[PDB]
Amino acid sequence: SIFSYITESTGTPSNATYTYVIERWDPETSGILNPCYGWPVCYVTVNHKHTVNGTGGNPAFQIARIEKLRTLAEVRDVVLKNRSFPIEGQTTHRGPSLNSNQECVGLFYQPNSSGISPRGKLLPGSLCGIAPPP
Ligand SMILES: N[C@@H](CCC(=O)O)C(=O)O
Ligand SMILES: [Zn+2]
């Protein structure tokens, strides 16, 4: 799984600044495929749930192009090579009202590198608000 959690949500449900931690991404040993393999363009990003359905907002930043990577394990290899973990920082949400159970910052896949991301979703196995085991 991919473990991330928000440690502070400053503001209101519809206008918030999140402080977050993406703490750990466990090895990918079950053969899960990259859900955006074969798209013309796909990014893995740090992004947040923007709607009640969990679709992506404006990403904090993009980590890598991944549309040529067939498996989720290959995506993990590229993310862990290019970013030291834990990934920590802030991002912002302005849009639909989200309660704490609807807030989440994590690793999204998406075709766009900036702007609201209706086709962006958390990568498979993303856990929001749950700490990893020691
Ligand atoms: N930077 C955008 C954030 C949009 C979002 O919630 O993804 C704004 O403040 O309008
Ligand atoms: Zn948002």
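We're numbering straight along the sequence, starting at 1. Whatever order the structure lists them in is the order used to number ligands and atoms, beginning at 1.
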Colleague: Do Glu103 and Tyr18 make a side-chain contact, defined as non-hydrogen atoms from C-beta onward lying under 4.5 Å apart?
Modeller: yes

Colleague: For residues 54-64, please give each side-chain donor-acceptor pair under 3.5 Å, one per line with the distance, not counting sequence neighbours.
Modeller:
{"unit_1": "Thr55", "atom_1": "OG1", "unit_2": "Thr51", "atom_2": "OG1", "d": "3.0"}
{"unit_1": "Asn58", "atom_1": "OD1", "unit_2": "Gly115", "atom_2": "N", "d": "2.8"}
{"unit_1": "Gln62", "atom_1": "OE1", "unit_2": "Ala64", "atom_2": "N", "d": "3.4"}

Colleague: When the aromatic ring centroids of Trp25 and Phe3 are compared, is their separation below 6.0 Å?
Modeller: no

Colleague: Going by ring pair (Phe, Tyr, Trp, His ring centres under 6.0 Å), name the residues that satisfy it together with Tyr43, two or more places apart in sequence or in a different chain.
Modeller: none

Colleague: Will you find, in the side chains of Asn112 and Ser117, an N or O donor that is under 3.5 Å from an N or O acceptor?
Modeller: yes

Colleague: Verify, without hydrogens or angle tests, whether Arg76 (side chain) and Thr71 (backbone) share a donor-acceptor contact under 3.5 angstrom.
Modeller: no

Colleague: Output the set of protein residues with a heavy-atom contact under 4.0 Å to ligand 1, ordered first by chain identifier and then by residue number.
Modeller: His48, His50, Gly57, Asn58, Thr92, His93, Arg94, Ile116

Colleague: Mind checking how many protein N/O/S atoms fall short of 2.8 Å from the Zn ion (ligand 2)?
Modeller: 3

Colleague: I need the single residue from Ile22, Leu107, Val46, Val105 that forms a side chain to side chain contact (heavy atoms under 4.5 Å, CB included) with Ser4. Which is it?
Modeller: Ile22

Colleague: Keeping the roles fixed (side chain from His50, backbone from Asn53), state whether a donor-acceptor pair exists under 3.5 Å.
Modeller: no

Colleague: What distance separates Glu23 CD from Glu88 CD, expressed to the nearest 0.5 Å?
Modeller: 8.5 Å

